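The structure appears right after this line, and notes come after that.
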Amino acid sequence: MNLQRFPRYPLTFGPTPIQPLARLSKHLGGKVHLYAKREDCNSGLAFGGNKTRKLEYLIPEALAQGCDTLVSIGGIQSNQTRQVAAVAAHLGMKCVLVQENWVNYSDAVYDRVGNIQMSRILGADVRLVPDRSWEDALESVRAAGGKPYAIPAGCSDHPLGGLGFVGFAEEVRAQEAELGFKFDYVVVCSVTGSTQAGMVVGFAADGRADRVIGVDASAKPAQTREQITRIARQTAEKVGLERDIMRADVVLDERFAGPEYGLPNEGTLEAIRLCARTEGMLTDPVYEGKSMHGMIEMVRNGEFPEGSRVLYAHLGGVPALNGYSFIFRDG
Amino acid sequence: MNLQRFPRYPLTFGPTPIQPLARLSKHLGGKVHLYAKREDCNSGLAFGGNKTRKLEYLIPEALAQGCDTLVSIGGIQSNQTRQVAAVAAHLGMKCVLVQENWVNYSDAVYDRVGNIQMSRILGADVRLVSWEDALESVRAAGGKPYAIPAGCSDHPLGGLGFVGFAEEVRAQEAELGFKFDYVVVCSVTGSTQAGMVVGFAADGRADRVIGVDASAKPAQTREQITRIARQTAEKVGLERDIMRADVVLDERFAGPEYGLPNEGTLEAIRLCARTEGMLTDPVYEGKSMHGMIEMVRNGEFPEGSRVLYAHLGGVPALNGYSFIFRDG
Amino acid sequence: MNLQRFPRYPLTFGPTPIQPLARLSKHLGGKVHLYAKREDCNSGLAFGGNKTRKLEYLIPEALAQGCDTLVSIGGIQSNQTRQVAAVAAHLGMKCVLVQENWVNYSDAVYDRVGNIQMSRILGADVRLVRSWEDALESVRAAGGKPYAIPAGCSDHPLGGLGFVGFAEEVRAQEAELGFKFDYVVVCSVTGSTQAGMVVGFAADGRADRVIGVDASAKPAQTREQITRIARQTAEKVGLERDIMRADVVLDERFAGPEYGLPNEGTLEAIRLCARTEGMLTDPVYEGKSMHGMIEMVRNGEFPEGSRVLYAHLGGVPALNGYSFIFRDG
Amino acid sequence: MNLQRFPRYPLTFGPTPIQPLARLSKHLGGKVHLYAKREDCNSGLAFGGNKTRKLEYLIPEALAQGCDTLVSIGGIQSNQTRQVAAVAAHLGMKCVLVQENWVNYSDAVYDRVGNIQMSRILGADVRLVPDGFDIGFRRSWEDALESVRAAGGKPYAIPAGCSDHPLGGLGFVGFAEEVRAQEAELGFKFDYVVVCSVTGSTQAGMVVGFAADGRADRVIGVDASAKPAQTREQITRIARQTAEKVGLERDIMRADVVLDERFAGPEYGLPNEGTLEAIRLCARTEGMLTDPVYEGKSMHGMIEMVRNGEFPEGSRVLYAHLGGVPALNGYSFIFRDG
Ligand SMILES: *Cc1c(COP(=O)(O)O)cnc(C)c1O
Ligand SMILES: *Cc1c(COP(=O)(O)O)cnc(C)c1O
Ligand SMILES: *Cc1c(COP(=O)(O)O)cnc(C)c1O
Ligand SMILES: *Cc1c(COP(=O)(O)O)cnc(C)c1O
């Protein structure tokens, strides 16, 4: 393949480090070696995270087309919109964000702390849909005399939204060369799908596509699974994967998404605590805590072969913790 | 000097990056070149920050001393205690934190979001109110406590971390092929600027370290920086005395109190966040940011200067001031 | 029957007023006349409400026994525990409250606003979680004598008396008014409110005109408690009938989705009532009974010309714990 | 004096009760007898309070003029706007509330609990401007009034706290009236009255009311504005205008207006440590709550006045509880442990 064909706008510090989770690994029995690749520490732009890696391949186009405003969308505590806001400010672009009530949660400061607080501080025009906003948002930009660059949910369903994480696999191989071994599995939280899609494509290149273990956080597996597949095939062709993405190449575990998107279950909370207390690494109740829950449970259930080396991709999301303060009042 | 005689326990990803603040620089006239060294992005341990760089020289001693519990203290939205909680969990140690009511601020979730929320998730014993009664607590419980003062500052090793910072900067200026004429840094408990004063004294730039007070008690802070600088310069073999001239502390941006932002703080936070995508907080960094911007604006920095802003972290505290930024 | 037998400690301003809800009545078709009896405005003690009327019959005993501490229990936003805290302060007694999380809710200020905030200001020892037995024992082991007050004062011998009087009161008022109400709508969760009413209205044969509207979301259990308490009560005041299960009417249609959580209908009802009458209701209790009364009138479940008396039991302070839901009204 | 000349629209349950504060009295020395008239329990419309008494005399006019919208204004936790919202809904009128943060305070749920929360549920159009807006500067008040017109309605203007309005002092003239009657049952006259003052027509009505029987200077106003001179002058002026309005056969002397300044700090909307001890002491002895903004400050006043012996031994003091309790929700951090 050839990802280098597409320009990359630097928004990150550089390759993201991989760190062993030896304490958590031991705590779990020492049979499986757990690691984490820190995407959540990839940037100086309002904490960055996985979406910022994706944005690197979209920005060149936005600039090429002469756009002056980045428009995007997501829930109240969306990480995507905050990163779009930081990237826009950094680039000297305006930013319009459509924030919808994507979650059945009604915390007193849900819309005033965490991610959305930063978006407003970063100067984005943050629009709360009542209670098409998207098209109104795009048009309002034109009417203003601007030129909007449309960034869909999570940057996923976009021609360029999968390039980012092909590069991720590209990084992992380079790091595997220094480590002298290959990771047996990758655990990643999936919702809008282009993170896992990029990974699927990137690891298909060396036959590990089916080793990318996605953990659904959407609580709507079928739609998510379908979107990962579609985006992966599309990206595969965009980069030249000398192989095809089969349906069996997309692995999406649906056991840890409950009860709904944006709501943690008790295992989510346990995992967040276990991981935080054994490694000093925080995860959130919406996304990462669920993929962490999955990984630990998998290890716990012996689903990972003794001796395996599992690479947990930490995608970011921690600032959303602020919207669930009551759950963690006593820790 | 020889900082190497002191062991450093890795808690960071490595040297922190230096970024150009081209947009902000251009916004302010283009006569002064602003940069930022991201101490706020130095670790995977709950966001890290300046305190984490300090703890790298304290941890070896706690370990040497066979301690099993880290003990520290700070205000409710303290960044110090959150970093101790993370470093501890990472190291497999217990953690007791004394969170005092250090700010005359009244907010509904002040003790449930941001820094303190993380410390609890991280497993720390968070006690709201002192220092002694706590340490003794661990002893009485049968554990060996490692006492860590506010900001890791007033401690024999509290100044080493930032002596290393000046060292790092020297290597980066070498790679860059140019030198920074000044550094702007926020000062409250002191060892951050003190380590800096010692490290830059080494190459005659101690007076180029422009501290910005955020304590609102500039005299004590100034005296504490100086004291710690003197002790640290002795620790590392600095071949010279630290004079009053080497300790520069601006007092103009601390208002109105510690933990409380003024309107200049707020404007600085917004300007910096909207020109660079880089966030700062109402307690500490927003004030040093305010200070730096004002300085450039007043023309206090010779035209052509390259100023290195040290971003110490502190962003999570933003959550405790939600009402103020409700509309931006 | 003979309620007068039992001593009532004054904690209220006196009988509660009954107001017409002309606007709400006209709005829903004018076919049914709605009124409200304001138990929510019955006392100067931290807003009071139905529980305070119940407490008038319990306090004499606590005093007779020489108890020095009132101990009680409820969820984080319990109205009962706040009224107990207020009565205590007033009486010069200590107060220990067992606050449990009875609701699958997690709002950021849930445990710092409304009812629980008032109990802490009123001087109560608010304990956030054998929970209850431990509290009672702790008071003893502290050298004090605790007077036990079960959830909502309901499962207590004297807990059903307060509302037998409610029925006494309504009769006196219907006299002054020169007419009688065909129904009473009341929210029911722990039970002694409707039980007291059932007993009191059986006295003149209207027990089954008391339409209880469940807010527990466990109607079988609540229905049984109202039954059980009304029986222990109709017997204590010497009613000349045994309370029949058919005397206990309890609609289960409006308690959804869980106790402590409103459904879309609850919200609409709170807004309609508030916007036509200027009378507020909460999402835990009264909003649900209000939702029921409105739905009943809208479905024609009340025969034309009927005069319905809605008993407003209090609970408004709890609104503060559901701030996100009402951010725009 | 002839208050009966002006119509009054019932918005309250009837005369408000007077309760003895025996435990608090005993606790302070027993040397002074404190009582309290519950204006705070005066209505079924969203907890009512002193402003609702004032409103009974304004509504007839609004109705006589055929207005269909009530327009008012106040800070975020204003008790005034919440009562206007409840009265409007109760009458079948629309309501526009112009609001802005009038306090140097910024609690996380300040604009979403307590008073303002109720106004929104009550169906009022709550126009809350962002910081820096300055409604007083732009004159948002007037724009709100025109917007109603331009919209096809007829607004009835209700100034901050109902105070600086031709009928705003009437309500509390009636209060002195009520007090006389009730004193006629007690068989004794209260030697003093303690009342919290900010926009002034509460105390103003009382001054006019008690002037009629020579006790104007017995109305001990306690400033909650932290801007005593302006408040004092507003009371005096409103009193004189109201006296003339109701036929008082007297000239209100500067000496008839008493406004203590010692308990208003540090600013309007912020409690001092004294305010807090006062709220807690009164709550823990009587089960009667008061707030960090208004009532808690006058309660702190009465208590301090008694403790200091500024009240002659044997004196009977009538504390007027104006309401405001819902505002406590906006100060949860301060009361997190009580
Ligand atoms: C967006 C996001 C995800 C899921 O990534 P997708 O590409 O949408 O599948 C997981 N974790 C975090 C923290 C995110 O922000
Ligand atoms: C602790 C801290 C400071 C001040 O550092 P000192 O060494 O105590 O002077 C500045 N900024 C942030 C974000 C901090 O956490
Ligand atoms: C307790 C309560 C109820 C239900 O009364 P029960 O006697 O427990 O059935 C209804 N409304 C409010 C406001 C309450 O506090
Ligand atoms: C408005 C108000 C006051 C002060 O009354 P003014 O007539 O404006 O002087 C005092 N207490 C409460 C609770 C209020 O709402």
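Excluded from the calculations below are hydrogen atoms, water molecules and symmetry mates; all remaining heavy atoms, backbone and side chain alike, are included. We name chains A, B, ... by the order of the sequence lines, and we start the count at 1 in each one.
Scanning both residues, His90(B) and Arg23(A), for their nearest heavy atoms gives O-CD, 3.1 Å. Closest approach of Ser322(B) and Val113(A) over heavy atoms only: CB-CG1, 3.8 Å.
Contacts of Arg326(B) with chain A are made by both backbone and side-chain atoms, with heavy-atom separations under 4.5 Å. Contacts of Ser43(B) with chain A are made by backbone atoms alone, with heavy-atom separations under 4.5 Å and no side-chain atom involved. Only the side chain of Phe13(B) comes within contact range of chain A, judged by heavy atoms closer than 4.5 Å. Proximity to chain A (any heavy atom under 4.5 Å) is restricted, for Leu279(B), to the side chain, taken from C-beta onward. For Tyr321(B), the part sitting under 4.5 Å from any heavy atom of chain A is the backbone (N, CA, C, O) and nothing else. Only the backbone of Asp327(B) comes within less than 4.5 Å of a heavy atom in chain A; its side chain stays farther off.
Between chain A and the residues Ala85(B), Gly320(B), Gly48(B), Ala89(B), the largest count of heavy-atom pairs under 4.5 Å involves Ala89(B). Counting heavy-atom pairs closer than 4.5 Å to chain A, the top residue among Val109(B), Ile121(B), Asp111(B), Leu45(B) is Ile121(B). Ranked by heavy-atom pairs under 4.5 Å with chain A, the list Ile269(B), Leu318(B), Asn319(B) is led by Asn319(B). Among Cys41(B), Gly44(B), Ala46(B), the residue with the largest count of heavy-atom pairs under 4.5 Å with chain A is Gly44(B).
Applying the side chain to side chain contact (heavy atoms under 4.5 Å, CB included) test between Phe325(B) and each of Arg120(A), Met118(A), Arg112(A), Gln117(A) identifies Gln117(A) as the sole match.
Not one N or O on the side chain of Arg270(B) forms a donor-acceptor pair closer than 3.5 Å with the backbone of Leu122(A).
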